4 protein chains.
Amino acid sequence: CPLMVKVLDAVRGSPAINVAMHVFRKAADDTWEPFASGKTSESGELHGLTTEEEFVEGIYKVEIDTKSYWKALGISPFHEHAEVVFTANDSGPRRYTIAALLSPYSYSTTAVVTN
Amino acid sequence: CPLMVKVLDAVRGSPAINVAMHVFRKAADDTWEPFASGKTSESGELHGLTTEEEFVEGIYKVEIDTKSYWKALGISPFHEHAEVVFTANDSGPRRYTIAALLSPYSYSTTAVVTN
Amino acid sequence: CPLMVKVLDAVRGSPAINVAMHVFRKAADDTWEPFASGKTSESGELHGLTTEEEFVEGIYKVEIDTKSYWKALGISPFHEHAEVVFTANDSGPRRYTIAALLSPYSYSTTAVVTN
Amino acid sequence: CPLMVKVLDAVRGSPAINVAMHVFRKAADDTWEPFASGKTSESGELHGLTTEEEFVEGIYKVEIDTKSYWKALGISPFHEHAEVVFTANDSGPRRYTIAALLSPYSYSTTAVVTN
Ligand SMILES: O=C1C[C@H](c2cc(Cl)c(O)c(Cl)c2)Oc2cc(O)cc(O)c21
Ligand SMILES: O=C1C[C@H](c2cc(Cl)c(O)c(Cl)c2)Oc2cc(O)cc(O)c21
């Protein structure tokens, strides 16, 4: 599993469940092309986004639909979504965990990169 | 000052000085049109981005060039930039401070809305 | 102002107003003696904690009563308080801002040291 | 596993490995009594701190020795340690994941509480 995303809710102290997200990869014409998508499970995790052969060098963007998550909870959030943009696999294949911690008016994101 | 941006550096415990950023506003055709830009000051703050008359309701994106900041310090960064996408809604007199705390492999952002 | 504390609320997107906190300094006998205290203002800031003559090198603890803050808003919090324990070292003229961003089940803190 | 701690390094984008920590529980005489301790593994995780029968209602403190972690990496950090203080099991047994993300001048902590 070369790319996994974990999302937590800082208000309820719980995984952020059923959070949608879309992964895009920058194309040659400098447009964002759809690469993968999914929703977080009961543990707040999204696995199986991609495979090692498909996940090539490039610039990728992970768009986490945080607005829809807060609104299904009755809260009106500040952000429309949380975006994470990074270059992947520039020095060879790595495993990437993108983690995000969400509040109505704030979020934090970090990456764990393993070889 | 209806919109201000403050950037801090979590590695050096200081304001993030000379950080470039661009502000975009969403267009009806689903494209980001340039709205404002600048570079943070010695206090890590960017003021005078916009005026009360120009800052209307809508979806705005702040793209902070974190990669150039870390490269200038000699530190290998994870993200291409830090993006903050938010809705500005008119409900009472609101001033927005967008604040961001930066690390090479992580960032956090929050909004301080006040009257 | 050699030491200032700023507290923000990540749920309401505002400064954390009327937050009580105590500052302790480590004693030779490994006990925390009271040093200063106060409550954050409408800007979420607590100024005038100490003077340059009193703020000597040492280990200091800032204990922020986050539990009372969340209870006042009607929100069930995880932490009893937020604690920030740090060394103040003399190397050039240093002013310390301790900043904290609060959520019910999470908090983040950073130091902004400047000249 | 009713209490687990996960620690990440925001500068290197990696688990924080071999981070020591000490868990204390508040006693009747309002002193902190030693409850459990360990070091994070290669994945940045500390499991096996306690058992469900031993982990009773009370106020617990988790002291993560962040200073020693940064110094074994050649960095001089701001904080002496990261402390997390919370009431556990007040409404019956829960499972607790305390997570921390570390920078030299900053850290964030959050809790996931499951039933
Ligand atoms: O801890 C802080 C405080 C920091 C801040 C500092 C100062 Cl001095 C200030 O005036 C304002 Cl508005 C904000 O903002 C943050 C943004 C963030 O995403 C996570 C954080 O932990 C913080
Ligand atoms: O963004 C994250 C997610 C990170 C995390 C990563 C993994 Cl892999 C994991 O299993 C768990 Cl429980 C938490 O924890 C955090 C702790 C924190 O103080 C601030 C954060 O932003 C985060």
# chains A, B, ... in the order shown; residues from 1 in each chain; ligands from 1
call {"tool": "residues_near_ligand", "arguments": {"ligand": "ligand 1", "cutoff": "9 Å", "atoms": "only C-alpha atoms and all ligand atoms", "output": "JSON, numbers by chain"}}
result
{"A": [106, 107, 108], "B": [5, 6, 7, 8, 15, 45, 97, 98, 99, 100, 101, 102, 107, 108, 109, 110, 111, 112], "C": [4, 5, 6, 7, 8, 10, 14, 15, 45, 97, 98, 99, 100, 101, 102, 107, 108, 109, 110, 111, 112], "D": [106, 107, 108]}
call {"tool": "select_by_dssp", "arguments": {"residues": "chain C", "states": "helix (DSSP H, G or I)", "output": "PyMOL selection string"}}
result
chain C and resi 66-73
call {"tool": "calpha_fit_rmsd", "arguments": {"fixed": "chain B", "moving": "chain D"}}
result
0.9 Å
call {"tool": "atom_distance", "arguments": {"atom1": "CA of residue 58 (chain B)", "atom2": "CA of residue 32 (chain B)"}}
result
11.6 Å
call {"tool": "closest_atom_pairs", "arguments": {"of": "chain B", "to": "chain D", "cutoff": "8 Å", "atoms": "only C-alpha atoms", "output": "Markdown table"}}
result
| residue | atom | partner | partner_atom | distance |
| --- | --- | --- | --- | --- |
| B:10 | CA | D:105 | CA | 5.2 |
| B:11 | CA | D:104 | CA | 5.2 |
| B:12 | CA | D:105 | CA | 6.5 |
| B:13 | CA | D:105 | CA | 5.1 |
| B:78 | CA | D:13 | CA | 8.0 |
| B:103 | CA | D:11 | CA | 6.1 |
| B:104 | CA | D:11 | CA | 5.2 |
| B:105 | CA | D:13 | CA | 5.1 |
| B:106 | CA | D:10 | CA | 5.5 |
call {"tool": "residues_around", "arguments": {"residues": "residue 54 (chain A)", "least_positions_apart": "3", "cutoff": "10 Å", "atoms": "only C-alpha atoms", "output": "list in words"}}
result
residues 2, 35, 50, 51 and 57 of chain A
call {"tool": "residues_around", "arguments": {"residues": "residue 93 (chain C)", "least_positions_apart": "6", "cutoff": "10 Å", "atoms": "only C-alpha atoms", "output": "PyMOL selection string"}}
result
chain C and resi 2+52+113-115
call {"tool": "residues_around", "arguments": {"residues": "residue 69 (chain A)", "least_positions_apart": "5", "cutoff": "9 Å", "atoms": "only C-alpha atoms", "output": "MDAnalysis selection string"}}
result
chainID A and resid 16:20 75
